[PDB]
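Heads up, the chain below is alone and in the form deposited in one PDB entry; it's given as structure tokens.
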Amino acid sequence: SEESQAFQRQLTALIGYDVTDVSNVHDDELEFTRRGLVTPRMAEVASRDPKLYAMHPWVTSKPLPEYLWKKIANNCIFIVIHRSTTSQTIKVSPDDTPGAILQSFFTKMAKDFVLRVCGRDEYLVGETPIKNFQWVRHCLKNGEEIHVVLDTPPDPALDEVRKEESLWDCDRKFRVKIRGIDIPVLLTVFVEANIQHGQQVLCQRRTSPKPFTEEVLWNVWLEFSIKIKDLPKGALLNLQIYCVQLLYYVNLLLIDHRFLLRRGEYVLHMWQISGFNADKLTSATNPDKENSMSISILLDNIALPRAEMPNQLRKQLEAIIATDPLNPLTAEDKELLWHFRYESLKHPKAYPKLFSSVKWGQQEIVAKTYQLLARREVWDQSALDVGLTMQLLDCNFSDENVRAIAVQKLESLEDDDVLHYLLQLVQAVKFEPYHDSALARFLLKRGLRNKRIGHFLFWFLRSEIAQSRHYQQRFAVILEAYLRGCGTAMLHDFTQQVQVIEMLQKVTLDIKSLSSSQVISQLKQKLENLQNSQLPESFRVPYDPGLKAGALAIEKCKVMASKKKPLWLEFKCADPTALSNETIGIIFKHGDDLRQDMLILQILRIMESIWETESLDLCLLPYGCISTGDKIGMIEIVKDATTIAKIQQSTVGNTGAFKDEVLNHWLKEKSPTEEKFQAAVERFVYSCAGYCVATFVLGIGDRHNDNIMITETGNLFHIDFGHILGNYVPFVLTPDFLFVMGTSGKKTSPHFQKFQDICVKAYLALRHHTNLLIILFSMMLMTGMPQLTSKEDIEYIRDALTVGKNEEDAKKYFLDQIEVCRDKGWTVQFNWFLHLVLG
């Protein structure tokens, strides 16, 4: 076709990568994965209720928390239904199905149609009680009204999808022939060949070192110790170059996507080393065929197809099944898990440890391991454990089958929870030995089934494609698959968004180079230009798919006085049904890898829902933060907020003679009444408690004053998590914070004691999820925070969470942390100043 070759040029512009391209490949895997993905894409498209998918109701099925019940005066929810200019407040009960509120509106008045949210693109369709809509729970949580605009449902037509048009037999020890290396531009140098499987080295060999020149030959055959028949699927040939110090590396999947052993000549362009992480595992070769080191090799020139237990041993097994994810396994622990594998199968918590005790380098062991996977009755039975599920998905498990069972346990996640783990699940795609996987397809299905998950899946993939050459290819094939089944409706919004963001980026990069108030000239000037025959009517806010941004409030926009020059943008809600005029404040920025920030903000959301299991509310503000390309993205602006440093700075800048009372005054200054003031003190006790715990666990507690904000309503929140991570006292409980809790240097108080009891109850609450937090944190550092791995960096969280210790021993560990915070005063703060704001 041709109207199918225009559609191709378009997708490539949204992907930010040219998929169909074949200049940096050495096989049909990616092309093969595209073909393989046509069926999962089509099956989900052909199975999604057209209407329900057009309206994407945002429903949860979790019990309404205690705090939102104590927020319902009398089983009576006040929904304000607005038509044209009319308004009608109605009385609804926590089980009033949305559609059933029509027989409560057409019966409750007189003298087909769906409810939408005012200003938002957030419908209230489907067979669900109102107490199960995030929008509703968000109205009740922050003591707000419930505005609805009765209007015509969207038409599923706009969601139109464009019409789619033997190895176990040779005891031959494995061998690889090194032809040689050749860097186009420059010591001693040797090749290192490893046969790996799930971060587990099966065999190693090297080559006699030779002088480091523009071309280095060898013509050697490296005979490994692994029989051809013993090579597990997912096994990688990892080639490295030392001088001893590492310089280059590349990977080749010994068994391919067709289950055939690799044969023939290979010229691979090797990735460099800068100056552990997920990039080091890629099957992708360097696209930069010029600068980059190369390697020539050759492959051979074969397809792949109950008793009792003592008591001391039982207690030895249990001691191991209990140990946290990061606690290592002795060869003794492993032989133990393996010998009692059948007793280890009855315990789902044993799976990551038992499957890590398997010598994958042996055909017969894997054979029994699969016979073990056949007796999954217990695993399949057990309730879904995300902490356990994520574990079988990390860098430690390269076997297709083990991983698949974990993905199989994910199928039962409702849309609400997919959104909580989407970002990490997408980052987990980097651990997949193959381009096509149960996980890659799962994200595709979940992405196509619901518009919200799909909108977020897009940016997550888009972000990775634009700043990772190690994984862009695999991701590009996944995004393309998604874009060919999301519909023309969404295919259109992603176009508006890409257009809008790309114009703004250009403005950031240029205003960045031209550096005063003279700069304000261009900023205002360029912003008005783009506001014409460019910037389309309105785009969806990327970090909040519900919001639409209209015209650019030029007057409010500016450049910030930071090291780099991020823009401070403001837009009118492009939707008239809006209950206000409050603009949409977005911070635009180039110069930082915003992915680190996304990961942290996402862990913050996981913590809130962990605290929702225990009917708690630590009042955090995990504001929206979307990376949109190479070292660039946007950041939501919290309305009515200032830096804690700015509240101090009022009375001195060049000094910082930190007055232990300015904060409490500021709150009263901003509080309309004195009564609301107490609620702003209330919200402070909680938000300050939340970030104290969370920040401490994540080990980002040592914050530099500037990087802490407060709402004119009591909510406290840290910001700029990208800082403390991009360069590398417990948390932050300064005398001015404590002065809002009625205390000084050394004393107690009613409000303070409460603070200290919200913390311990939140700290221990997180410990009931040790394994989960450890996996996320460990999985976070590996895939998004290079130069923050080493191993010793991963093990920080083991101590923060106080592993081993009973609840009672931990409570007195956190309380002491709260103490190391008082015996410090402003030493810390004043010290940041002597530095950040100086040297």
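Numbering starts at 1 and runs along the sequence shown. Just so we're on the same page, rigid core means the largest C-alpha set that superposes within 1.5 Å between forms.
Although it is not shown, the form deposited in another entry is what the next lines describe.
Shift analysis on the rigid core between the shown form and the other one singles out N219 from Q499, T488, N291, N219 (C-alpha displacement of 2 Å or more).
With the core held fixed, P153 shows a CA shift below 2 Å between the shown form and the other one. Shown in the overlay between the shown form and the other one, fitted on the rigid core, is a CA shift at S412 smaller than 2 Å.
Here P209 counts as shifted, since its C-alpha moves by at least 2 Å between the shown form and the other one after the core is aligned.
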